[PDB]
Every structure is written in structure tokens, then in C-alpha cells.
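S.K.: Chains as they are written, first to last, in our numbering: chain A, 5 to 109; chain B, 391 to 608; chain C, 19 to 562; chain D, 328 to 404; chain E, 284 to 445.
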Amino acid sequence: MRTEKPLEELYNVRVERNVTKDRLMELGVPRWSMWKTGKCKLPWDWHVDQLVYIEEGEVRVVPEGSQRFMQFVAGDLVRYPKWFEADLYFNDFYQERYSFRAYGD
Amino acid sequence: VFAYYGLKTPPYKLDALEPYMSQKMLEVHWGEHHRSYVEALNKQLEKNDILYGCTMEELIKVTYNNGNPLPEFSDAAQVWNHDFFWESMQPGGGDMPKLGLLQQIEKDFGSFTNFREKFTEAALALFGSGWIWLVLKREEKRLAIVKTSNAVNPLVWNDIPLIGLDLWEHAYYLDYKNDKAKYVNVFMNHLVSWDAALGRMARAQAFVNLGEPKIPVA
Amino acid sequence: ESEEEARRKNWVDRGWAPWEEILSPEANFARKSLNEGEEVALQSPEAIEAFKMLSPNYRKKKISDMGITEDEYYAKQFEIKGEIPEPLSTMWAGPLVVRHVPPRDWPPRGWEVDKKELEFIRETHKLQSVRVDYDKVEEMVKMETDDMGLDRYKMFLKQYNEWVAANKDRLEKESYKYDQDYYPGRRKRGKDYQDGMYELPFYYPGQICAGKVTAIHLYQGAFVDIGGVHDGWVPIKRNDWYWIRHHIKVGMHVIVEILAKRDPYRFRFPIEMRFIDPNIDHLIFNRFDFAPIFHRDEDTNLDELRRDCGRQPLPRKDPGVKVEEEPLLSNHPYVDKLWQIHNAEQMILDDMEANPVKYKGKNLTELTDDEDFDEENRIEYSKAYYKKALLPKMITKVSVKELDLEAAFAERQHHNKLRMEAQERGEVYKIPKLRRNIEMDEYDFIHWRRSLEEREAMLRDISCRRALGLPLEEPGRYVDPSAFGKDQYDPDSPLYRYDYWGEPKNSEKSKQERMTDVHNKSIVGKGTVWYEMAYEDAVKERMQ
Amino acid sequence: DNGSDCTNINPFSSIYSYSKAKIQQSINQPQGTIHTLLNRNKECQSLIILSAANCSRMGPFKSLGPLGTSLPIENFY
Amino acid sequence: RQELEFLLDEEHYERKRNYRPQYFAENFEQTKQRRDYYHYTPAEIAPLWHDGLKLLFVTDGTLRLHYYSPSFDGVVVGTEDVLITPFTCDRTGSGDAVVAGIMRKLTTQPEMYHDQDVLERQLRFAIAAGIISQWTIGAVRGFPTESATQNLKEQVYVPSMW
Ligand SMILES: [Fe+3]
């Protein structure tokens with residue numbers, strides 16, 4: 005099929021590409037936690053929301069039982085949904101700024 | 391850019407319910423609280439074009455997202471909710487239901503007095519803001535009284551609503567400061583619309599059949 | 019129970035219906051002859067008539083006795099018996115006042131148009147909120163034309179005309195590629211496609227349309243041609259066609275209302291509608307819960323299909339553990355990848371120190387160990403390793419391209435020079451920790467902090483959802499605690515396992531003997547253990 | 328030893344792209360309309376696959392379009 | 284048959300014999316899911332016809348014998364019962380017997396060129412010969428005689444056929 009249904013909206017993974025720094029400091033990106041990893045595979049089941057601001061590398065997310073993946077460049081703000089089961093495939097140096105948010109902002 | 395961009399003025403005038411709900415209060419609820427909701431829904435629909443081309447009943451279900459609501463679910467739900475409410479009330483008053491609705495209430499809730507008692511109990515038992523609904527369940531084919539959260543409407547469970555009340559405080563604070571049971575009693579005695587509920591049940595009968603088939607003798 | 023009650027139950031659940039069952043003469047005689055007896059004289063009138071009707075000349079004479087044509091008898095054979103319903107009447111509620119509004123989802127995904135024209139088109143959605151008084155409509159009737167304002171709608175049409183001329187060939191090619199055989203609901207192609215048919219984007223839920231019935235399916239429903247490339251579908255199930263067939267016939271002009279529009283790739287019937295003019299809402303009791311879909315060959319993940327169609331999730335076993343009452347996670351995925359390269363670097367440094375001849379003559383900054391390293395062949399598994407016991411083994415081809423031996427060489431040359439002089443001083447030196455171990459500990463710490471933040475957010479999320487009445491777990495996944503069932507249960511009480519009968523506590527196999535043997539050989543003596551403590555307790559006592 | 332796990336193919340390798348054409352369209356499925364059972368709704372629900380082997384076709388056997396959208400009504404009563 | 288497909292088109296007919304109807308059975312006889320004995324239309328063999336050609340035979344082999352003349356077409360049905368003798372079960376020479384029977388009937392019967400029923404009644408002889416020639420190990424060892432082939436034709440077919 006000529007897919008007009010990408011996995012960014014099929015699975016509710018809202019991605020903002022090329023975010024401006026004023027909105028970043030409005031949310032509180034620099035005042036967040038840290039996470040660093042090289043080439044690994046992290047099976048993770050989400051229990052709450054997560055605003056990931058990737059900093060250094062690249063992360064390819066593969067949902068459970070799927071053969072198509074979604075790629076996030078180093079300048080994206082990704083919001084992983086609740087009850088999400090995926091397998092994050094890392095390839096190179098990776099850094100991020102995350103903040104798990106409950107129901108509401 | 392904007393769809394559903396209209397306050398959808400109520401059937402009656404703003405001073406039609408003056409002996410029970412002052413013309414100022416209505417003006418505020420409709421003029422300010424509701425209008426605002428629409429404006430924000432239009433601003434959110436301008437950004438996302440995929441959710442722009444969807445009907446209201448489908449937009450609510452697609453923004454509910456099965457427990458994890460999208461950031462525009464609350465607003466659209468409110469707009470729909472409010473619309474239902476204005477129309478769920480009629481000028482004059484509501485004494486008793488009519489041919490079909492009264493029979494269905496007697497079949498489901500036993501009697502109309504028991505129905506009113508359960509409705510008042512569910513209205514007073516709610517905590518915080520929210521709405522109370524008189525819905526028709528599809529798979530069960532019966533009328534039920536469900537209480538919901540701040541903005542959630544029974545459309546998320548595929549249930550046809552017939553009557554609704556706004557238990558959010560904005561509705562009652564001006565004329566009935568803290569006597570919410572009074573507000574309920576007034577809404578049930580001189581502000582409930584049974585003709586509108588009967589018309590909505592007639593419309594719903596095209597989606598849920600309330601009757602028995604004609605079985606041939608063979 | 020009673021016969022009437024039983025028939026009622028059947029009609030309600032199973033779907034019984036007394037169909038016509040057109041029979042042959044030879045069979046009619048069989049059905050009306052076996053009721054009396056065997057080799058007995060036929061006394062019933064209908065039995066004698068069926069016996070006489072076994073001759074062709076008798077039938078061709080009886081058809082002429084009543085004065086009927088040759089086709090009249092064949093038409094009367096396929097006649098509906100039983101009580102026929104009264105002809106339905108159309109009672110229109112009131113004036114129908116309508117207005118042509120462009121669809122809200124007009125521009126498809128992937129078609130870019132000018133912004134100002136789309137704005138002027140979407141401006142008409144605001145005007146739909148105004149109310150009109152139906153009774154006074156007659157009063158304001160104006161018969162003079164050429165004064166109606168439909169610029170917006172016209173603009174839509176202009177855009178539409180362009181889009182159809184742009185994408186007609188692509189849509190036809192896709193229809194020929196993905197759909198093999200034509201069926202009511204698919205794209206009209208070949209000889210059935212006439213220029214001027216309204217395509218799928220034209221329609222939108224809420225529009226009343228006039229059409230004719232072109233197909234009637236017993237299990238699916240009616241199919242109405244609304245003058246478009248895709249037909250319309252009205253859901254009518256199997257059992258209702260006993261009474262609905264008297265009111266809906268092929269070729270009847272009907273008025274329908276579109277209530278949903280879907281994607282023709284996934285859904286079989288993209289447009290589902292209801293009847294307006296032949297109102298039959300009192301005869302439909304069986305209804306579709308979910309719209310029909312296509313289970314194609316491209317979709318391999320059932321979860322993507324469920325999320326694209328909109329159905330409930332695949333149910334799983336209900337876990338008895340709680341998400342909040344469980345320990346955290348303190349194991350980082352990079353721990354193994356860093357540990358293996360750290361051990362490799364240590365072993366290479368030790369081997370170079372043992373044999374300085376191989377290390378001499380080459381710069382310690384760049385050491386080309388192996389030039390045939392391949393990333394694809396990095397994982398090698400060989401189960402032939404049976405040095406101590408029959409068990410599988412794996413081999414890891416570590417690359418020296420990323421090994422940071424620069425600082426490791428200095429660290430080792432600084433640590434050995436101090437451990438040797440400590441040994442000469444009459445003391446034993448035990449190195450507390452290294453830099454790679456500190457890095458692994460920092461990775462473990464940041465992963466633990468991530469898990470802690472996740473659970474700290476979960477503790478607030480559970481509260482609020484509970485307070486506001488929101489589902490804590492995804493509805494439709496853990497609904498069945500043990501409805502899925504009949505699995506052999508290890509537990510004896512389910513009876514899927516044995517329980518003592520006449521004191522039969524004996525257990526087959528489950529030899530503890532094999533285990534006993536490895537224990538007995540090393541330590542046969544049945545002595546009383548004196549010291550018993552965990553390894554962590556041993557480390558605690560040693561460090562204390 | 329386990330090789331049946333085709334799904335473990337790295338998407339970056341050419342083998343993943345070649346497997347799309349190597350694995351042809353799956354026809355092992357019965358290729359029919361799933362017909363549920365209303366009578367078997369109380370017990371374990373079974374399915375009947377109606378296909379071309381069970382259905383036949385009798386050959387010989389011998390304006391239109393959207394009108395509008397209803398506007399909101401002032402006298403809702 | 285394989286040679287005719289290789290000359291005209293192989294993948295086209297390989298795809299045609301795997302049409303796989305999904306909704307209904309149009310021909311009303313495709314519901315039984317039997318073998319595909321496709322009778323090539325006279326327009327498909329057009330690039331192979333010429334002025335001097337008198338007859339053509341597709342010869343699926345002891346099952347179907349599609350004959351094409353400049354005035355009529357047709358097909359004859361066979362048996363293929365080689366499983367009656369599993370221990371011999373040798374079909375090394377089977378087309379030779381069919382060609383020999385066709386040549387014999389052509390040299391004896393001159394009406395096979397301008398008649399369709401005579402052609403079928405004479406090709407059944409070659410079919411019977413090819414059927415008998417598959418019950419013996421060796422081609423020259425198991426070639427049948429005229430009496431045996433006529434007996435098989437009279438025992439397999441109904442009297443209205445021959
Ligand atoms: Fe309100």
C-alpha cells in the first residue's frame with residue numbers, strides 16, 4: 005500500500021521536529037534528568053507519559069510485533085504514550101532529557 | 391480554518407427561564423463559558439487537519455483514545471456537552487414523560503418516582519464538577535443513569551444520551567449559591583424537557599430497536 | 019418448554035426463518051406421501067393430487083384448465099407463502115430544508131492546495147450553526163433564481179474538478195492492483211465506469227442522497243447506487259430479510275442518508291447509510307457491532323490492524339501483580355556491552371605484558387590486531403563445547419577499533435608499579451575499583467534514577483485517574499481473568515493434576531534422585547550444617 | 328539452531344528488503360468471508376468460511392446523488 | 284501442451300491456471316476445484332497457422348487431444364489409468380503410439396479432414412493406443428496391436444462414442 009498512515013499517529017507518538025529553544029525553556033527541558041547509552045536494545049513498557057528531548061544521537065523505536073519502525077533525529081521532542089510496548093534500538097552515542105508527566109500538564 | 395465555530399444559540403430566549411434561572415446567569419454560561427470553549431476548539435482544530443475532517447460524535451471518540459485523552463478532547467466534549475444541555479431544557483416546565491418514554495421508564499426503573507429518586511441521588515452523590523446522564527445502552531437495550539467526570543460524555547462508550555445536567559458549579563453559583571439539591575429539584579420540576587428526550591429516543595430507535603419481533607407460526 | 023417459547027427463543031438467538039423451500043414434484047409427492055404410511059392406499063386429497071402431478075401431460079392440462087400461460091406457472095412456483103405485510107407508507111415529518119456544504123475532510127492526505135481558497139471554503143462551516151425556523155420557511159420562498167450565493171461551494175467544485183482529473187488514473191490503477199474481483203462496494207472499473215461519477219471524497223456523513231437498489235445480500239444487506247464510483251451499503255442481517263424483502267426490492271428508487279465514510283482499502287464497504295423514504299427501522303433487530311474489514315497479506319501485526327480499524331485490543335492473561343507493588347529496575351543494557359569490552363581490554367593488556375616481544379615494535383596508540391573483523395559475523399554460537407559438560411557456548415568477536423587502550427595502558431602501568439612495591443613492603447594489595455567499573459556503576463545509577471522518576475510519576479498518575487474516574491489499565495486487554503480456559507493446570511486441586519487416591523501421593527518421575535546424585539557425590543556426609551548465610555551476608559561480614 | 332524466527336531480520340540489511348519479494352502473497356488462508364454463528368453465541372463461538380467453492384452464480388436468469396444536509400431547526404420542540 | 288505454452292507464452296498461462304476466484308464461482312463448474320483442461324481458442328493459435336497447415340494437435344497426453352482445423356475445433360477426453368499396474372507402470376513411449384494411431388487413421392480414413400465426429404472417433408483409437416502403451420517397461424516391448432487397442436476403445440467408451 006502507498007501508506008499515508010505513518011506510525012507517528014497510528015501509535016499516538018507526537019513528535020515535534022526542529023523545536024525552538026524558547027518553548028524548550030518554557031517547558032523546562034534543561035532542568036530535567038539525563039540518560040546515556042551507546043548501541044543497545046531496551047525493551048520497555050510505559051506506565052506514564054514521557055517527553056523525550058533527544059540531544060546527541062538517533063533512536064529507532066519498534067513497537068511490539070511490528071516490522072516497521074519510526075526514526076527520531078537528534079532535534080526532536082518525542083512524547084511516548086501510555087501503555088506503549090516497544091523495543092528501542094540504539095546504534096550510536098545517545099543522550100536525552102526526559103520528564104515523566106502524569107495526567108495533566 | 392475553523393469548524394463547529396458557532397455558539398449554536400438555544401431554541402428559547404435568554405430570558406425564557408427567568409423565574410427559575412436568571413437571564414444573567416444564562417448569559418454568562420452561554421456567552422462566556424461556552425463561547426470560550428468553541429474558540430479554543432477552533433484554535434486546536436486549525437493546527438491538526440486530520441482531526442478537522444471528522445464529525446463531532448467521531449471526534450469525541452477519536453480524541454478520547456480509550457483512556458488516554460488527547461489535549462483537545464476536553465474542549466470538544468464540552469462544546470457538545472453544552473449544546474446538549476441547552477436543548478435538554480425547555481421553556482415552561484416538565485411534569486411527566488409521554489407515551490413512549492414513560493412506558494420505557496416504567497419498564498426499566500420500575501416507576502417514575504423511583505426514577506426521580508435515583509436521579510437526584512446520583513446527582514447529589516457526584517463529587518466535584520461533572521455531568522449526569524440519562525442514556526440508552528445499545529447492547530442491553532435499556533435506559534440507565536450514568537454519572538461521568540468533568541468533560542467525559544457517554545459517547546465514549548457508544549451510548550445514546552437523552553437528558554443531561556451540568557453539575558459544574560459555574561452553572562448554579564449565581565442564583566443557588568450552595569444549595570445544589572435545590573438546583574437539581576428545580577431542574578427536575580420546572581426545567582426538564584421531556585419532549586426533547588422523547589424526540590431523541592425516537593431518533594435513537596433507528597439505531598437500537600426496543601421491541602419484540604413478529605415470529606411466524608411455522 | 020412450550021413450542022411457542024422455543025420458536026421465540028430460536029428467532030431471538032439462532033436465527034430461524036420459515037423459508038419457501040421450492041420443491042420438485044417428485045419431492046412434493048415424497049413429503050405428502052410418507053405421512054400416511056407404507057404401501058397403503060393414498061386417502062388424502064393433496065397426496066392424490068401430488069401423485070397425479072407426476073405426469074407432464076397432467077400438469078400441462080391442469081395449467082390450461084385454469085387458464086394460465088407457461089410462464090405463469092413457473093412464476094407461481096416461486097411465490098411467498100404465509101402472511102404478507104401491508105404496503106408501507108411514507109410519512110414525511112416536515113419541510114426538508116437543506117444546504118450544500120463542502121465536506122470537512124475534503125483535501126485528502128497528500129494533496130496541497132492554495133491556503134486562501136481552502137480558508138474561504140472552510141468559512142462555510144461557521145454558518146451551519148445558525149438555526150432556521152421551519153414553519154416560516156414557506157413565507158420566505160423566493161422563486162426567482164440567479165440570486166443564490168454559492169461561491170464557496172463553487173470553489174469547492176473547482177478544486178474537486180482538478181483533483182479528479184489529477185488522480186483518476188492513479189485511483190483506477192490502485193483499484194486494479196489491490197482489488198482482484200469486483201464486488202458491491204468496490205471501485206467501479208472497466209465497462210462499469212462512466213465519466214461523471216462522483217468520487218469518494220465528494221461524500222460526507224450527514225448528506226441525504228437519492229439512489230436505486232442494485233443488490234440485496236442475505237448476510238450483508240442492501241446495496242444502493244448513489245450515482246458514484248463506490249456503492250452504498252445499508253446493514254441488514256440474515257433473519258430480518260423474512261419481513262424486509264416485502265418492502266425492499268432490486269431496482270427500487272430510495273432516499274438514503276450517509277452516516278459514515280471510511281477508507282476503501284481497509285473497510286469492505288466505505289459508505290454505510292440508512293433508509294429514509296422506505297423507513298424500516300422497526301424491522302431491524304440484528305445489527306453489526308463493528309464495520310467489516312479486509313484481512314490482507316501485507317498486514318502482519320494484529321495490533322496495527324486493531325489500531326487502524328478501531329477495534330478492541332487483543333486480550334491477554336490477567337497478571338496478579340500490581341504495577342506499584344513491585345521492585346524497581348537497576349540493570350542497564352550497556353552494562354554487558356561495556357563489561358565485555360573492559361574484560362577484553364584487560365586481557366589484551368595482560369597478554370601484551372606477558373609477552374613483550376609481540377608488543378614491542380608496535381605503537382601502543384594504534385594496534386591492528388585483526389583486519390578480518392566483520393560486524394555481521396560478530397555473533398558466533400557453537401554448542402560443541404563439552405569440556406566439563408554437554409552445554410552450548412557462544413563466541414564474541416570484539417573489535418579493537420573502539421577499544422580505549424590509551425588510558426588503560428597508563429592505569430595498568432601505574433597499578434602494577436604500586437602493587438609490586440606493596441608486595442615488597444610485606445603487604446597484600448587488593449585493588450578496590452577501576453574506571454570501567456565506575457562507569458558501569460554510573461550507568462546503573464542513572465538507569466535507577468530513571469526508573470525512580472517513572473514510578474514517582476506513576477504514583478501521582480494512579481491517584482488522579484482514580485479520582486477523576488479514568489481507567490488505570492487499558493480497557494479490553496486484561497478483561498478475562500481465566501475465561502480463556504481448560505489449560506492443563508499443574509496444580510493438583512484443579513484435577514488437571516493428580517491428588518492422593520487411597521493415599522496415592524506417589525509422583526511419577528520428578529526424580530529428585532538425579533539431583534541427589536550430584537549432591538551426594540561431592541558431599542555424601544549427612545552432617546549438620548553449622549554456618550549458613552547468603553553471599554551478600556558473607557560480603558557484609560567480611561567488610562565489617 | 329532456531330531459524331524460523333524470520334522476524335529477527337535486521338531492517339538495515341539487504342536481506343530485509345529482499346524478503347518482501349521472496350515471501351509472496353500468503354494464500355494459505357481459506358480466502359473466504361468469515362460467517363459468524365448466532366446460534367453458537369452462547370457456547371464457544373465457531374466460524375464458517377464461505378468461499379467460491381460453496382457459492383455459485385446464475386448468469387442468464389432470463390438525478391442520483393447527494394441532495395443536501397439538513398439545517399438545524401429553531402423549533403426543536 | 285507444454286511446448287505450445289513455451290512457444291506462445293508460459294507465465295501467462297501459468298497465471299491463468301491459478302486465477303483463484305475469491306467471491307463466487309462464475310462458470311458454475313469451478314466450485315469443484317478440479318484440474319484445468321484449458322481449451323485454447325482458435326485466435327490464440329493464429330500466429331502459428333499458415334496456408335499449408337491441415338491439422339493441429341495439442342496432445343496433453345492420454346487425457347486431452349485438442350484438434351484444430353481451418354474450419355472447426357474440439358477436444359477428446361482420455362483415461363490415464365496407469366495406476367492399475369504399479370509394478371510395471373512405465374510410460375517411456377506414449378506419444379509414439381498416439382502419433383502412430385493418428386497416422387494410421389489418416390492413411391485409412393480420408394474423411395477426417397472435412398468432418399468433426401469422424402475425427403473424434405478416430406482420435407479415440409490413438410488415445411486407447413497411448414493408454415495401452417503405458418503398462419509395460421520399454422517402448423518397443425509394450426507397443427499394442429490393433430485388436431487390443433480396438434478392444435480398449437470398446438471397453439472404455441460407450442457404444443455411442445465409437
Ligand atoms: Fe457548563
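Heads up, the beta-carbon is just placed ideally off N, CA and C, and yes, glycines get one too.
Between the C-alpha atoms of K448 (chain C) and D422 (chain C), what's the straight-line distance to the nearest angstrom?
M.R.: 24 Å
S.K.: Can the beta-carbon of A466 (chain B) be found closer than 8 Å to that of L449 (chain B)?
M.R.: yes
S.K.: DSSP three-state call for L348 (chain E): helix, strand or coil?
M.R.: coil
S.K.: Counting only Cβ pairs nearer than 7 Å, list the residues of chain A close to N455 (chain B).
M.R.: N16
S.K.: Over the uninterrupted alpha helix (DSSP H) stretch that includes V401 (chain E), give me the two end residues.
M.R.: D400 to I415
S.K.: Does the beta carbon of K86 (chain A) sit closer than 8 Å to a beta carbon anywhere in chain B?
M.R.: Cβ-Cβ to chain B under 8 Å: yes for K86 (chain A).
S.K.: Touching or not, the segment 298–317 of chain E and the segment 344–362 of chain E, by the rule of three or more beta carbon pairs under 8 Å?
M.R.: no
S.K.: Using only CA atoms, which one of C:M291, C:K160 and C:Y178 lies nearest to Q225 (chain C)?
M.R.: C:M291
S.K.: Distance check for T396 (chain D) and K398 (chain B), CA to CA, integer angstroms please.
M.R.: 17 Å
S.K.: Between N599 (chain B) and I302 (chain C), is the Cβ-Cβ spacing less than 8 Å?
M.R.: yes
S.K.: Label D153 (chain C) either buried or exposed according to how many other C-beta atoms from any shown protein chain fall within 10 Å of its C-beta, with 16 as the threshold for buried.
M.R.: Classification for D153 (chain C): exposed.
S.K.: For the beta strand (DSSP E) containing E20 (chain A), list its first residue and its last residue.
M.R.: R18 to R21
S.K.: Between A68 (chain C) and the rest of its own chain, which residues show a CB-CB distance below 8 Å, the 5 nearest in sequence each way excluded?
M.R.: Shown here for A68 (chain C): same chain residues with a beta carbon closer than 8 Å to its own, the five before and five after excluded, namely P43, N46, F47, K50 and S51 in chain order.
S.K.: Could you say which of C:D165, C:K134 and C:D510 lies nearest to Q177 (chain C) if we only look at CA atoms?
M.R.: C:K134
S.K.: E370 (chain D) touches chain B at which residues, Cβ-Cβ below 9 Å?
M.R.: Simply none; closest approach about 19 Å.
S.K.: Please list the partners that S539 (chain B) has in chain C, where partner means a Cβ-to-Cβ separation under 8 Å.
M.R.: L486, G487 and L488
S.K.: Excluding sequence positions up to five away, which residues of its chain have a Cβ less than 6 Å from the Cβ of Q417 (chain E)?
M.R.: Excluding residues within five positions, the ones whose Cβ falls inside 6 Å are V365, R374 and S377.
S.K.: Would you report the Cα separation of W129 (chain C) and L189 (chain C), rounded to the nearest angstrom?
M.R.: Answer to the nearest angstrom: the Cα atoms are 14 Å apart.
S.K.: Please indicate yes or no: does the CB of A608 (chain B) lie closer than 7 Å to some heavy atom of ligand 1?
M.R.: no
S.K.: Measure from the alpha carbon of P202 (chain C) to the alpha carbon of each residue in C:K191, C:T232 and C:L145, then state which is nearest.
M.R.: Nearest of C:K191, C:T232 and C:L145 to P202 (chain C), Cα basis: C:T232.
S.K.: Can you determine whether any heavy atom of ligand 1 sits closer than 7 Å to the C-beta of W470 (chain B), and answer yes or no?
M.R.: no
S.K.: Just list the alpha helix (DSSP H) runs in the segment 491–557 of chain C, keeping only unbroken ones of 4 residues or longer that don't cross its boundaries, in chain order.
M.R.: Annotation: the segment 491–557 of chain C contains the following complete segments of the alpha helix (DSSP H) (minimum length 4 residues), in chain order: 531–540.
S.K.: What residue range is occupied by the uninterrupted alpha helix (DSSP H) comprising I385 (chain E)?
M.R.: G378 to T391
S.K.: Excluding the 5 residues flanking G208 (chain C) on each side, which residues of the same chain have their C-beta closer than 6 Å to its C-beta?
M.R.: none
S.K.: Taking contact to mean at least 3 C-beta pairs separated by less than 8 Å, is the segment 242–259 of chain C in contact with the segment 211–220 of chain C?
M.R.: yes
S.K.: Cβ of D321 (chain C) within 8 Å of Cβ of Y496 (chain C)?
M.R.: Not a contact, by the Cβ cut-off of 8 Å.
S.K.: Determine contact between the segment 416–426 of chain B and the segment 585–592 of chain B, defined as no fewer than three beta-carbon pairs at a distance below 8 Å.
M.R.: no
S.K.: Any beta carbon of chain G sitting closer than 8 Å to that of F339 (chain D)?
M.R.: Note that chain G does not occur in the displayed structure, where the protein chains are A, B, C, D and E.
S.K.: For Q305 (chain E), go through chain C and note every residue whose CB falls closer than 7 Å to its CB, in chain order.
M.R.: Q198 and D199
S.K.: Could you work out which residue in C:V341, C:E64 and C:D354 is closest to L477 (chain C) when comparing CA atoms only?
M.R.: C:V341
S.K.: Return the CA-CA distance between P351 (chain C) and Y93 (chain A), expressed in angstroms with no decimal places.
M.R.: Each residue's alpha carbon lies about 11 Å from the other.
S.K.: Using a beta-carbon distance cut-off of less than 9 Å, what residues from the segment 568–600 of chain B approach chain C?
M.R.: Flagged, chain order: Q595, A596, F597, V598 and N599.
S.K.: Nearest by alpha-carbon distance to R468 (chain C): which of A:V56, A:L31 and A:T7 is it?
M.R.: Comparing Cα-Cα distances from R468 (chain C) to each of A:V56, A:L31 and A:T7, the minimum goes to A:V56.
S.K.: Determine the chain E residues that contact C382 (chain D) at a beta-carbon separation under 8 Å, and present them in chain order.
M.R.: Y306, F307, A308 and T314
S.K.: Between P36 (chain C) and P606 (chain B), what straight-line distance do the alpha-carbon atoms span, to the nearest angstrom?
M.R.: Roughly 8 Å between the two C-alpha positions.
S.K.: What's the gap between the Cα of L409 (chain C) and the Cα of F289 (chain E)?
M.R.: 55 Å
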